[PDB]
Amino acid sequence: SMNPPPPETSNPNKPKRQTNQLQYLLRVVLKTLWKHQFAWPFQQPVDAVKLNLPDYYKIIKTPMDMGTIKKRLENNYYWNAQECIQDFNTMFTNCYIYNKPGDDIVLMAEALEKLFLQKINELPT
């Protein structure tokens, strides 16, 4: 099988806006994770063809990755910050679903998730 098309990063039917919380998610939260040592598996959609994972998209039907999130933020795709936080949590949960506890990539996702929640907590009022 082919790869699925990636998640949409624009949608002409979906109202858009920019907010201070969404700007923080791009300029601080995404930027911090993108530069982390463990970012690389998460910087683009899972290419199940290149990785020889014919079952990846049989198991994971809601894919998400930080390349998509970065484009959504840059495109002002979202209406609110909780939509973007949900995309990060989908990405982490997909990794935990497909893989097993203690696997290398699961420990990498757990480190990124810990840092993610720290950066969210730091959002100034």
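Heads up, when I say rigid core I mean the largest set of C-alphas that superpose within 1.5 Å between the two forms. Each residue number is its position in the shown sequence, starting from 1.
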In terms of RMS C-alpha distance in 7 other deposited structures of this protein following rigid core superposition, 82 to 90 and 47 to 55 differ, and the farther one is 47 to 55
Entry B factor averaged over C-alpha atoms, 43 to 51 against 87 to 95: higher for 43 to 51
Quick tally, chain-level thirds of C-alpha B-factors: residue 38 sits in the highest
Tertile call for residue 114 (CA temperature factor, within chain, third-based) is the lowest
In terms of its chain's C-alpha B-factors, the third that includes residue 75 is the highest
Here the Cα B-factor of residue 9, set against its chain, lands in the third termed lowest
On the chain's distribution of Cα B-factors, residue 60 falls within the third called lowest
